[PDB]
Every structure is written in C-alpha cells, then in structure tokens.
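Each chain is listed here by its residues.
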Amino acid sequence: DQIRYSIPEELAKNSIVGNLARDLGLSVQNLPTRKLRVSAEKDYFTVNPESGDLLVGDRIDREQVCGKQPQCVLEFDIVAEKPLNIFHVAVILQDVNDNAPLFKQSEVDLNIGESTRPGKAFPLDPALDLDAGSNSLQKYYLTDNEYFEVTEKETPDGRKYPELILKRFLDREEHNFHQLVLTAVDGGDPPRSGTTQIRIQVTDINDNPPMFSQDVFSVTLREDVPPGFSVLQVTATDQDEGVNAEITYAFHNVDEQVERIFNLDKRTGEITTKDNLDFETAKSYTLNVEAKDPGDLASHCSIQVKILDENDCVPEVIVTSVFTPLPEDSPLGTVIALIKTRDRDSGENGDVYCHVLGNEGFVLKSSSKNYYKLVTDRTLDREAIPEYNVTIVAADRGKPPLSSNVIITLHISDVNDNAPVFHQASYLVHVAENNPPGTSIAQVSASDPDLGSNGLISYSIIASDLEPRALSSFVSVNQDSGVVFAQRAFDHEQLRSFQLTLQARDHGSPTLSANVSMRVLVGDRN
Amino acid sequence: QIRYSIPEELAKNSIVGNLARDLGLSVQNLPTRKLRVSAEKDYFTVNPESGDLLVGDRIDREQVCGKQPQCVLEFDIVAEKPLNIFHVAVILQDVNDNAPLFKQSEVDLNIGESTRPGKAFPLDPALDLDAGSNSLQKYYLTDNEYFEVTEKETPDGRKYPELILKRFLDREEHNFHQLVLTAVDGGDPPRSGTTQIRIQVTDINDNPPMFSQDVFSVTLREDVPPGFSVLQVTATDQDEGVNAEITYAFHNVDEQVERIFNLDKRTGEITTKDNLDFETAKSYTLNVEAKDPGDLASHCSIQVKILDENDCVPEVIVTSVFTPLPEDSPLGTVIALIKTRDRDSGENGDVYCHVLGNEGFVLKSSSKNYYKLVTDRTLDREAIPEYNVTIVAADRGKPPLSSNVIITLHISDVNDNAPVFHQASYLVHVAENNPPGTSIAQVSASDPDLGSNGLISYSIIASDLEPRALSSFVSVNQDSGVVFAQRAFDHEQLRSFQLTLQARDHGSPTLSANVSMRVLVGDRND
Ligand SMILES: *[C@@H]1O[C@H](CO[C@@H]2O[C@@H](C)[C@@H](O)[C@@H](O)[C@@H]2O)[C@@H](O[C@@H]2O[C@H](CO)[C@@H](O[C@@H]3O[C@H](CO)[C@@H](O)[C@H](O)[C@@H]3O)[C@H](O)[C@H]2NC(C)=O)[C@H](O)[C@H]1NC(C)=O
Ligand SMILES: *[C@@H]1O[C@H](CO)[C@@H](O)[C@H](O)[C@H]1NC(C)=O
Ligand SMILES: *[C@@H]1O[C@H](CO)[C@@H](O)[C@H](O)[C@H]1NC(C)=O
Ligand SMILES: *[C@@H]1O[C@H](CO)[C@@H](O)[C@H](O)[C@H]1NC(C)=O
Ligand SMILES: *[C@H]1O[C@H](CO)[C@@H](O)[C@H](O)[C@@H]1O
Ligand SMILES: *[C@H]1O[C@H](CO)[C@@H](O)[C@H](O)[C@@H]1O
Ligand SMILES: *[C@H]1O[C@H](CO)[C@@H](O)[C@H](O)[C@@H]1O
Ligand SMILES: *[C@H]1O[C@H](CO)[C@@H](O)[C@H](O)[C@@H]1O
Ligand SMILES: *[C@H]1O[C@H](CO)[C@@H](O)[C@H](O)[C@@H]1O
Ligand SMILES: *[C@H]1O[C@H](CO)[C@@H](O)[C@H](O)[C@@H]1O
Ligand SMILES: *[C@H]1O[C@H](CO)[C@@H](O)[C@H](O)[C@@H]1O
Ligand SMILES: *[C@H]1O[C@H](CO)[C@@H](O)[C@H](O)[C@@H]1O
Ligand SMILES: *[C@H]1O[C@H](CO)[C@@H](O)[C@H](O)[C@@H]1O
Ligand SMILES: *[C@H]1O[C@H](CO)[C@@H](O)[C@H](O)[C@@H]1O
Ligand SMILES: *[C@H]1O[C@H](CO)[C@@H](O)[C@H](O)[C@@H]1O
Ligand SMILES: [Ca+2]
Ligand SMILES: [Ca+2]
Ligand SMILES: [Ca+2]
Ligand SMILES: [Ca+2]
Ligand SMILES: [Ca+2]
Ligand SMILES: [Ca+2]
Ligand SMILES: [Ca+2]
Ligand SMILES: [Ca+2]
Ligand SMILES: [Ca+2]
Ligand SMILES: [Ca+2]
Ligand SMILES: [Ca+2]
Ligand SMILES: [Ca+2]
Ligand SMILES: [Ca+2]
Ligand SMILES: [Ca+2]
Ligand SMILES: [Ca+2]
Ligand SMILES: [Ca+2]
Ligand SMILES: [Ca+2]
Ligand SMILES: [Ca+2]
Ligand SMILES: [Ca+2]
Ligand SMILES: [Ca+2]
Ligand SMILES: [Ca+2]
Ligand SMILES: [Ca+2]
Ligand SMILES: [Ca+2]
Ligand SMILES: [Ca+2]
Ligand SMILES: [Ca+2]
Ligand SMILES: [Ca+2]
C-alpha cells in the first residue's frame, strides 16, 4: 500500500519530490504534532516537518543502486508518532544518459595464428554502459578495413558480447600486425561513443620453405686438392621465424662415390672433400643438396663440380715385339721391335714424344700417334759389336715433364761372312831322307772369327804335282788338327821336292775356303 | 685401319671377318708369321692357320662404351718375320638387351602439408645402359588427382624426372599416398622399369583446438568448500605432435571470477579457490580459451548458477515503541512498529512473526513483512504495571532459523480510582461535658492510585447545624482523618447531630467521596 513519485536521477539536493501532506490527508497543524520521519537503509531522502513535503537527501546515483534493472524503484518507509503509524513510499527515478559507454582496457593485444580459417570468431570483451533503456549501448562498429569484421553476438540464453569475424587468410610475411579502432555507441540524444584499440600480432606458422639463391651453381677443382678442401658453401633463406625457420642441409640422390668423396655439414651448409680426387677416375661430379625445415618443406639445388687435370701419371713404354737374336747381315730398315706409349693423363700431359738415346745405328720411325718401330740405320757386324744395349726414352709435355726409359738388349747372331785365313802365306818344310812313315812332318793352321760351325775348320789336300793315284801314297793331312803326315819313306835320289796345295774350309752356308801352297824338301843322305 | 661392324653379345668362336684376305697377306705364309692380337683385353683371337678373327670373351657393349652413341673397339695385330703391326676397328652395334631399372624399388618422400602447388620434386632417374632409341625415352605415372610427372633437361643435358603437385595436400584427409612410376625406352618390344613412390605428408599446424560445445551449464550449492571439483573441460586438436598440445586459460573475465576460480592450464579443469555466497553473486559467467602453440584458439563459456542455502538468521527490528503506556489506552491502540529482514531468498528468506503467550497484544500486519503490535485488552496499572512482550520470527526454509526480541512496556498511571471509605457510615458516641479539643472519632479511606493520585485529604463538607457554628462543634485533621470536638457537649441542649464528610484525592482532576457520620451526645447528670 504505497504512493509513487517520479524524478530524474542525480537531482539537486533539497529539491521537492512532492508534498505528502496532501497525499496523506494530514492537516499542517496535525502534522507537527506528529514526528514525520524517513526510515530507509541508506538515507537518500529526508523530510522537513514544518514543510510537510519530501526532500532529496544524499546523492541519488541510479547506476550504483538499481544497476541494470529495467525499472528503478526506491522503497522506503515514513514513520509518524501519536498515533504511531507507518506509511510506505516508493519513488521511480528516470535514467539520465550521463554515463558514456567505455571499454575496460585502453589497448587490447591479440595473438592470432597465421593459418586461422576464415569465418572463425574471436570473442571480444564488451563495453560497459551502465544506463538502461535506449540510453544503454546499442551499436558496435569497427574501422573499415579488408582483413577483419565485427559483429555483436547474443547467445539465445541471454548474455551478449561483440566478436571479430575473420574475413580472409592472414600472412605475417605480408603484414606483421594490424591495429584497429572499435567504437561503441549508445542510442539517445545525443549519442555517446567510447573507443578502444585492438592490436593483432600474427604468429608464425610453417608455410614458406627454404629457398636457394639459384637453381644451379658451379665450381672447379684441381685433382690434387687435399682432403678437407673447402669446395662450396650453400645457404637457403627461410621467410619464417622460430623453429619453422631452422634449415637442414643433406646430400640426397647422389651416386655412391659422390657421397664417399665429399662431405656436407648439415647445419652450416659448406661442402668439403673427404678424400683425394682423381681426374682419370671421374672427370666431374654432380651434386644435389636438399634444404628443409622441420615441417618437411624443402627445396633442392644442384652444384656441378668440374675437375681439372694435372700431370701426375708417368708415361709408360710398352714393347710388344723384339727381334732377337738378330742376324748380322740384316738389310737396312729391318724392323727390330714394336713400341707403343701409354699415358693415362689427358691433353698435353698425355702427349708424348719418343727418342732413342745415342747414335749406334738405331732410329725410331712413327707410323701413327703413340706407335713406333725400331729399325736399323746402318749395317751391322758381330765380330765388331756382338751385343747392344739400346735405351729408349719417352717424355710427356706436362710442366714439369715426367719421363720413362727402357733398355732393350739386342744380341747379334753369327752369319758365315768370314773366310778362313791361313797363318802363313806359304809353307816350306824340310824332311830328311829315310824318314819314318806315318810321322808329323808339318802342321798347317788357320783361324776363323765366326762362331760354331761357321768357324770350325777342316783341312784337305786338293791338288799336287805327283801322280794322282799316288798322292795318298806320299803324304796326307789330318782334317781336324791340320798336321801333315808322311805315308812313305822319302828317297832323295829319286825326288828332292814336291808341291802341295792345302785347303782350309769352314762349315757354313755357303762354305768359305782358302788355298795355301806347301813345298816339301827331301834332305840327302846315303 | 680396317673397319668392321658386328652385334654385341656374340658367342665365342664366331667369325668377325677374314683378315688374311683383308690385310693383303698370303695364306701360304700365314703359319710362319704368328698372327696375334695385342689389345687391353682379350676380346678377340685370330687363328693363324685360317687367318680369321674370332670373338673371345663376351663383348658386352654396355661394359665397354657406356654413354657414347656409337662404339668402336680399336686393337692391334702383330706379325713376325717379317715383323709389322696392323690397326683394326670393330664397330659394336647395339642390341637392346638392357631394360630401364631403378636403384631402389621403393622410394619414401616426406612432403610438408603446405607445399604450394606446382612445387617440383626431383627424383632419382632410371638407368638405361643402351644408347640411341633403345635408351630411355619417356616416364609415366599412376593417374591421380594430386601429382603429375615430368622430365626436365638441365641445359647441361642431364635429364631427371621431377614430380609436380596440383592440389593442396591434407594429412587430416589423406595421411600418405602410394604411386607407381614407370620408365619406357624406344625399342620393340619396349622394356619397362617400375618403382613405387610412397609419399608421406608431414603435419603442419593448420587446425585449431575445438570444444565439444560452445556453452556449458553447471549449478553449485553456495556452501561448497574451497577446492571443489567444479568441472573439467577438454579440447581436441586434429593435428599431431607439438602442433596438438593444448593450453587453456580464462579470457575476458571479471576480477571476482579470477579470485574465486582456479583453472588448470594443462587439464582444462576448474575448481574453486575460495568460498561462495549466494547473496553476493547469484551466477558467474566464465569464458575459457583453448590455444595451441600456433596461437590458434577456440572459445567456450561456462554459465555457472548458484543455489541458495539457508544460512542467514531472520532479524526483527522494532522501529518505534509506545512507552510509557497510559492504562486508559483504548483497544487497537498501536504500541510498537515492527519490520523484518532476511537476506536469504525464497522460502529461506520468507519470515513470519508471532507473540509468545496471551496478555492482550496482537500483531496486525498492515502489509507483507511489516507489523503493528496493537492491544486487544483494556489495561489496568493497579493490576499489571509492567509487560515483557517477547516477539519471535522464523523462516520457512529447511532447516528453519528464528530469532526473538523482548520489548518492555511500562504502564502510565491515570487517576481512575476515587477514594473509598472503609465503612459505609460512621456512628460515634460522645460523653457529656467533654473537654474541647479531644478526639471523638477517626475516619479512614484508601486510594490504590500512584503518588498524588493516591494522596487523600479529608474535610467536613456539610451538616445539619447552622454553618456559622459548625466550626464551633467538630473539626477534622486532613492528614490523619481524626474527628475532634471543638466544644463541650451538653445533652440537654442537643442530644445528637449528623454530619457529612468528604475524602478527596490530590491529582488533577480531583476525585471525591462523601460519607455520613452520626454523632450521639451521651447523657450524664449535670
Ligand atoms: C522483564 O524483564 C527484565 C529483564 O529480564 C532479563 O532477561 C530475562 C530473560 C531474565 O533472564 C532476567 O533475569 C533478566 O534480568 C526484568 O528485569 C530484571 O529483573 C531481575 C530480577 O528482578 C533483576 O535481577 C537483579 O539483578 C541485579 C544486578 O543487575 C542484582 O543486584 C539483583 O539482586 C537481582 O538479581 C535484573 O537486574 C532486572 N534487569 C533489568 C535490566 O532491570 C524484569 O523484572 C521483567 N519484568 C517482568 C514483569 O517480568
Ligand atoms: C748391357 O747392360 C747389362 C746390365 O747392366 C750389362 O750386364 C751388360 O754388360 C751391358 N752390355 C753392353 C754391351 O753394354
Ligand atoms: C783355290 O783352289 C780351288 C781349286 O783349284 C779353286 O777353285 C779356287 O778358285 C782357288 N781359290 C780360292 C780362293 O778358293
Ligand atoms: C459531596 O457533596 C457536595 C455537597 O453536598 C457535592 O457538591 C459533591 O458533588 C458531593 N460529591 C460527589 C462525588 O458527588
Ligand atoms: C562516437 O560517434 C558519435 C557519433 O555517432 C560521436 O558524436 C562521438 O564523438 C564519437 O566519435
Ligand atoms: C579510442 O580510440 C581513439 C582513436 O581512434 C582514441 O583517441 C581514444 O582515446 C580511445 O583510445
Ligand atoms: C670454404 O672456404 C673457402 C675459402 O677457404 C670458400 O671459398 C668456400 O666457399 C667455402 O666456404
Ligand atoms: C726423365 O728423367 C728420368 C729420371 O727422373 C730418366 O730416367 C728418364 O730417362 C728421363 O730423362
Ligand atoms: C808334329 O810334330 C812335328 C815335330 O817334329 C811338328 O813340326 C809338326 O808341326 C807336328 O806338330
Ligand atoms: C612397360 O610399358 C611397355 C609399353 O610401353 C610394355 O610393353 C611393358 O610390358 C611395360 O608394361
Ligand atoms: C614397379 O611396379 C610393378 C607393378 O606395376 C611391380 O611389379 C614392380 O615390382 C615395381 O614395384
Ligand atoms: C572433479 O570431479 C568431478 C566429479 O566428481 C568432475 O565433474 C569434475 O570435472 C572434476 O574432474
Ligand atoms: C525459533 O525457531 C527455531 C526452529 O524453527 C528454533 O531453533 C529457535 O531456537 C527459535 O525457537
Ligand atoms: C482520637 O482518639 C480517640 C481515643 O483517644 C479515638 O477513639 C478516636 O477514634 C480518635 O482516634
Ligand atoms: C485511617 O486510619 C487508619 C489507621 O487507623 C489508616 O490505616 C487508614 O489508611 C486511614 O488513614
Ligand atoms: Ca548517474
Ligand atoms: Ca545514468
Ligand atoms: Ca549511455
Ligand atoms: Ca605466410
Ligand atoms: Ca619454413
Ligand atoms: Ca609464415
Ligand atoms: Ca691421377
Ligand atoms: Ca692426371
Ligand atoms: Ca703424363
Ligand atoms: Ca761380319
Ligand atoms: Ca760372322
Ligand atoms: Ca767362316
Ligand atoms: Ca648388352
Ligand atoms: Ca645393349
Ligand atoms: Ca633398353
Ligand atoms: Ca588440414
Ligand atoms: Ca595439419
Ligand atoms: Ca593444432
Ligand atoms: Ca549465504
Ligand atoms: Ca543464503
Ligand atoms: Ca533465512
Ligand atoms: Ca485502574
Ligand atoms: Ca490508576
Ligand atoms: Ca485517586
Ligand atoms: Ca445531663
Ligand atoms: Ca446539662
């Protein structure tokens, strides 16, 4: 059972709310009789007795009293004495738009993932406008931009708050961060705004792979670089940050020897040899390097290594045929030996010239490159020079040159080209009469410089002035020793001297001979 | 040089050609000149009797020539006595006997989930040791929606097969792929070589954590201790590894939510770290955010409601009391004004009052929660001057709680009792010739009132004697009530006289009582 009065809030103190003396039917003289008083938990109002009307007391701030409540009603009692009575009074106060909507924080900073799907919603803390009705918050709206949208969400249960609807994919390598201005507006005359700034810092995720500076590189090396030689350092650039920017390098899809010879450090990306190179084994290597982050995004490159040749192989002289023993009557230009040269190098380091040392009558003639023949230049002789030590030298054209020599041993075989020569130009022997038959009266001798059969000497009597049927009856000759024998006792009174033609013969093809004349003189006795 | 041409992989003793007829030699002299072959390897052997060239060891063209399109073998023939050398070259024509072949039958690649389309992946090529059209000519691949196959030629001329990607991968849809790569040459019949490529997609942090449902509902009784298991919340990330470990935390919350509740960052489990009260806050809106290391997050809210428990005792307040209370107070007169306050809500905060005992006071409720203590009995201070009215209030919750107060009432006196004489009439005998100024009688009266209202003062208002001589006969002491004789009495003159006294109270207004007194003058002899 109450009466109701209406005023605006924040009203001036001691402003009349209304006269209760008229509404409660109390004479102005009947009233001071009565203690008129206000009973309330917090004294927002008081009454002057002599006045008989209601008076505003303390600060009547609606927002600290009713809060959000749609209608604001202050219930309090009024006490009167003689007779004792309690009257009930409640006042309605109208809302004043004296509070503007304001966000809790001046700046809010969000971390939004780079790969957040579009349309995803991010709830935002709502502003606080303590007024009620139309004077409360009505419209959120955000900075016009292309990346983000704002909408006011109200769940069917009751609570409401604004949220960000993402418009498109983010990309920290395009924009590291954005800053936007959100405005909250209430709906009365005149509207009151409150702004806040949102800074969104995009966080890195893995979407860019390491990339090499070029598709292909090139380096060259001498084939004598020691193990550990820095060949080439490769690097890749990853546009991400954090662990999604760590780069690992590795050999992949390389021949076995390519991986065995070289060595690539995973973290640094530098390539150094681990063993000796050899141009004769591999003229060049090709290299493929894989660079990848932990997210297995990769890019690959190819480095081509071209080795350069060095003069490190000695030329070799191969001799494939030789003429031994060599007959001394061999004509000019006969081919004695077959010569080839092999140098595993390349270019001028493998180009070889061949010479024969000395001038003993042997020269090299070249039919074609690396092919030679060792011919005779002058006539030969075994009794002069029986044996030859022929040195052939091959030399390359590298700087400095590398040489090699070989020694061929030629033996000269005997040809029957020397006739036997008698020790004396003629022979003359003195045999005394009445000599014993079958004794040594003389001994011819010859000499032959040839070897073996071509130097074996046989002696024979070819002619004499005596009766041919009686020659053997007089003297004879030993074919093996040359000693001459008498086969009958000589008689001076019958014949004093006789003539003999002795012959020296060898055993060759053909046989060579020589004639000597021996005269036998028979001494005289009785 | 003599040029020939034969197919590879011919059987031994096969005739290549008759060099006796081709060199220009004579078959009569072929036995004397050893015809022989000098060469690096014993691929061939001539017969000196027949003078022809036989194949020796197997001549595998791919074991000699390799990459060279046309392959020639150059070897020498030595003669002897006469001694010469002859140059021959045999062309090895290619027989398609080698098929394309891969180093590994199965290759395993790791491709990140976010390789942009068109990214080329260079694969290990196939080896076709043949040359010409019989060498490798094209690559083919299983028809799928994700990968195409190409063959790229570096300007150097090295050819390699690279894969091209046409559609974004997704391991949450297809963890890995199995493909078939074939290599085809250009002979008839064409020989093919296959390999199986198992491509494995690597996890990339592309999916955010997500909750079962956006809003949860729980209720808590307000008397739960600190540390009560409120709720456990979990989220599921569709990724793997470090990309799928979750961190939960509060997000845009009131200070009180952070002071009362403790949420495990690792478990998503909320408990309370303080005591709750229903009268302070009836509900709590919690906002939880679950985020992965990539700052991808989803948000849910837990709307907690609080249950009221009866813990506030009801309070009785006596706004005003009416004491002292006049004993002439009519019925239904208001004594004390009462109000009731219980901070609980519902039946726990619904208070009702009643008076203990029965002594003439009843509680009439003008409105809900307000009482007037009125009288239903006429009071009398001479009977009961003090009252100790005990008022009790209780609530209708389970279990209920009550409280009492003791009002003390003092009863004000009112002059509501006139004095009464202890006797109805007075008859007094006086002897004759009594001394003037002697006590003849004494009257008495009583008044139960308090103080001046109970003070009695006597007087003689009237008598039958002439009023001028009344002062000469009798008198009364107003304090003691004694009736004295003011003269000597003579029986022969007057035998008896009557009298009319009054007993009066002193409080205003005065209450009086009249009494009659008869005086008989006794008779002596004079
Ligand atoms: C109305 O009630 C009052 C107060 O009663 C108080 O509360 C009750 C629940 C009981 O527990 C009472 O014992 C308690 O005092 C009564 O007044 C009280 O009366 C008693 C007895 O007459 C007084 O006791 C005296 O106390 C003093 C010391 O203060 C001693 O020296 C005395 O020897 C004697 O023990 C008590 O003081 C008094 N209290 C007050 C505040 O006056 C009252 O009698 C009662 N009236 C009726 C009609 O019931
Ligand atoms: C040839 O050389 C060998 C080896 O030293 C030697 O024994 C021989 O006497 C030499 N002959 C000539 C003729 O120089
Ligand atoms: C030696 O004598 C024989 C026989 O009379 C003769 O044929 C020859 O010419 C002579 N001279 C030589 C040198 O042999
Ligand atoms: C007592 O008597 C006097 C005179 O006779 C009279 O006026 C008075 O009213 C009487 N008392 C009462 C209580 O009536
Ligand atoms: C917000 O916007 C209002 C108009 O809607 C302005 O009046 C105010 O100053 C604030 O900028
Ligand atoms: C909201 O935003 C504006 C800038 O748009 C500030 O000037 C203002 O103080 C509040 O931070
Ligand atoms: C190793 O070191 C050499 C210099 O010594 C560099 O030229 C090379 O690129 C690699 O870094
Ligand atoms: C090159 O030098 C060597 C010695 O180092 C000789 O043996 C060779 O004959 C040529 O002169
Ligand atoms: C035999 O003996 C004689 C000596 O009487 C020599 O003169 C002769 O030459 C042969 O030796
Ligand atoms: C590879 O492909 C060829 C046809 O190009 C077939 O002949 C062979 O059997 C293999 O399938
Ligand atoms: C290549 O593919 C074939 C089937 O097409 C297999 O049989 C072979 O072993 C290789 O995996
Ligand atoms: C503690 O235990 C309760 C059940 O007793 C759960 O509901 C809560 O989520 C927490 O795990
Ligand atoms: C009021 O009533 C409650 C029970 O409702 C009691 O516990 C209390 O002592 C008082 O009598
Ligand atoms: C005065 O005294 C006499 C006795 O002396 C009493 O009889 C009389 O009633 C009054 O008290
Ligand atoms: C009359 O006198 C008696 C004593 O005799 C008192 O008790 C009474 O109150 C009245 O005054
Ligand atoms: Ca205000
Ligand atoms: Ca306001
Ligand atoms: Ca406002
Ligand atoms: Ca990016
Ligand atoms: Ca990366
Ligand atoms: Ca990135
Ligand atoms: Ca070398
Ligand atoms: Ca070399
Ligand atoms: Ca060399
Ligand atoms: Ca000679
Ligand atoms: Ca000779
Ligand atoms: Ca000779
Ligand atoms: Ca073959
Ligand atoms: Ca072949
Ligand atoms: Ca083939
Ligand atoms: Ca995915
Ligand atoms: Ca993923
Ligand atoms: Ca994830
Ligand atoms: Ca409580
Ligand atoms: Ca409670
Ligand atoms: Ca309660
Ligand atoms: Ca009374
Ligand atoms: Ca009284
Ligand atoms: Ca009285
Ligand atoms: Ca008398
Ligand atoms: Ca008398």
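Residues numbered from 1 in each chain as written, not as in the entry; some residues may be left out. Chains lettered and ligands numbered in written order. Heavy atoms only, no water. Residues with missing side-chain atoms left out of burial classes, pairs and counts.

- The deposited coordinates derive from X-ray crystallography, with the record listing a resolution of 3.500 Å.

**Observations concerning the coordination of the calcium ion (ligand 35)**
All names here are of chain B.
Point 1. Distances from the calcium ion (ligand 35) to its protein donors, namely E222 (OE), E279 (OE), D308 (OD), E309 (O), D311 (OD) and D344 (OD), fall within the range 2.3 to 2.9 Å.
Point 2. Coordination at the calcium ion (ligand 35) is irregular, judged from the six donor atoms that bind it and the angles of 67 to 168 degrees they form at the metal.
Point 3. For the calcium ion (ligand 35), the single-chain donor residues occur in sequence as E-x56-E-x28-D-E-x1-D-x32-D.
Point 4. In this model, the calcium ion (ligand 35) sits 3.4 Å from the calcium ion (ligand 34), the two metals being bridged by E222. One end of the pair, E279, is in the loop between β21 (269–272) and β22 (283–291); the other, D308, is in the loop between β23 (297–307) and β24 (315–320), with 29 residues separating them in the sequence.
Point 5. What makes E279 buried here is its relative accessible area of 16%. (Donors = N, O, S within 2.8 Å, 3.2 Å for Na, K, Ca; no water. Tetrahedral: all angles 85-135°; square planar, octahedral: opposite > 155°, others 65-115°. Helix = DSSP H or I, 4+ residues; strand = E, 2+ residues; numbered from the N terminus. Buried < 20%, exposed > 50% of the residue type's maximum accessible area, 1.4 Å probe, protein only.)

**Concerning a nonpolar patch on the surface**
Residues and elements named next belong to chain B.
Point 1. The grouping of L101, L127 and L129 at the surface amounts to a nonpolar patch, some 270 Å² of accessible area in total.
Point 2. Its place among the elements puts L101 in the loop between β7 (85–93) and β8 (106–112).
Point 3. Owing to a relative accessible area of 48%, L101 belongs among the partly exposed residues under this scheme. (Patch = residues over 30% accessible without salt bridge, like charges linked within 9 Å, V, L, I, M, F, W, Y side chains within 5 Å. Areas by Shrake-Rupley, 256 points an atom, 1.4 Å probe, with all protein chains shown as cover. Salt bridge = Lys/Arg side-chain N within 4 Å of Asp/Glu carboxyl O.)

**Here's the deal with the interface of chain A and chain B**
It is common to report an interface's size as the accessible area lost on association of the parts.
Point 1. Contact with chain A, which involves 48 residues of that partner, is made by 50 residues of chain B.
Point 2. Roughly 3900 Å² is buried in total at the junction of chain A and chain B, and carbon and sulfur atoms are behind 52% of that figure.
Point 3. If you sort the residues of chain A by the area they bury against chain B, A:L84, A:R159 and A:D296 come out on top, with a joint share of 16%.
Point 4. For the pair chain A and chain B, the number of links is zero salt bridges.
Point 5. Taken together, the connections running from chain A to chain B amount to 17 residue pairs in polar contact.
Point 6. For the side of chain A that touches chain B, the secondary-structure elements that each account for two or more residues are β6 (73–80), β7 (85–94), β8 (107–113), β9 (121–123), β22 (284–292), β23 (298–308), β26 (335–342) and β29 (371–376) of chain A.
Point 7. The greatest single-element share of the side of chain A that touches chain B, amounting to five residues, is contributed by β23(A). (Contact = heavy atoms within 4.5 Å. Buried area = accessible area lost by both parts, 1.4 Å probe. Polar contact = N/O pair within 3.5 Å; in protein donor to acceptor, adjacent residues only side chain to side chain.)

**Overview of the site of ligand 9**
Residues and elements named next belong to chain A.
Point 1. Residues in contact with ligand 9, as listed here, are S440, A442, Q443 and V483.
Point 2. Side-chain polar atom of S440 to an oxygen atom of ligand 9: 2.4 Å apart, as the coordinates give it.
Point 3. Measuring from an oxygen atom of ligand 9, one finds a side-chain N or O atom of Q443 at 3.1 Å.
Point 4. Taking 300 Å² as the accessible area of ligand 9 by itself, protein coverage stands at 43%. (Near = heavy atom within 4 Å.)

**Re the state of the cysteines**
Point 1. Following the criterion strictly, the structure yields two disulfides over all chains and no others.
Point 2. Each disulfide pairs two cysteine sulfurs, and for A:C66 the partner residue is A:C72, the sulfurs being separated by 2.0 Å. Disulfide A:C66-A:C72: torsion about the S-S bond near 95 degrees, hence right-handed. Both residues of the pair, A:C66 and A:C72, count as buried.
Point 3. The residue that forms a disulfide with B:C65 is B:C71, at a sulfur-sulfur distance of 2.0 Å. On the sign convention where negative means left-handed, the S-S torsion of about -70 degrees between B:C65 and B:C71 marks this disulfide as left-handed.
Point 4. Assessed through its relative accessible area of 8%, B:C65 is described here as buried.
Point 5. Overall, B:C71 belongs to the buried group, its relative accessible area being 2%.
Point 6. Of all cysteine sulfurs in the structure, the one in A:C313 sits closest to A:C354, which takes part in no disulfide; the separation is 16 Å. (Disulfide = S-S within 2.5 Å.)

**Some words on the UniProt feature "binding site: Ca(2+) 14" (unreviewed entry) in chain B**
Residues and elements named next belong to chain B.
Point 1. On the UniProt side, "binding site: Ca(2+) 14" (unreviewed entry) is annotated at positions that read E432, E492, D523, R524 and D526 here. Over a stretch of 95 residues, the named residues converge on one spot in the fold, their C-alpha atoms separated by at most 9.5 Å.
Point 2. Checked against the element boundaries, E492 lands in the loop between β38 (482–485) and β39 (496–505).
Point 3. A residue is classified by how much of its surface remains accessible, and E492, at 51% relative accessible area, is exposed.
Point 4. When residues no more than four places from it in sequence are discounted, the contact partners of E492 are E432, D523, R524 and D526.
Point 5. Residue placement: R524 occurs in the segment after β40 (512–521).
Point 6. Looking at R524, the relative accessible area reads 56%, which means it is exposed.
Point 7. In this structure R524 touches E432 and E492, once residues within four positions along its chain are discounted. (UniProt positions renumbered as here; feature names shortened; annotations may be inferred.)

**Thoughts on the coordination of the calcium ion (ligand 23)**
Note on metal geometry: ideal angles are 109.5 degrees for four donors arranged tetrahedrally and 90 or 180 degrees for six donors arranged octahedrally.
All names here are of chain A.
Point 1. Here the calcium ion (ligand 23) is held by the protein donor atoms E223 (OE), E280 (OE), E280 (OE), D309 (OD), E310 (O), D312 (OD) and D345 (OD), which lie 2.1 to 3.2 Å from it.
Point 2. Each donor residue of the calcium ion (ligand 23) lies on the same chain, and together they follow the pattern E-x56-E-x28-D-E-x1-D-x32-D.
Point 3. A separation of 4.0 Å is found between the calcium ion (ligand 23) and the calcium ion (ligand 22), which are bridged by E223. Taken together, the residues span a long stretch of sequence, with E223 in the loop between β16 (216–222) and β17 (230–233) and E310 in the loop between β23 and β24 (316–322) at a distance of 87 residues.

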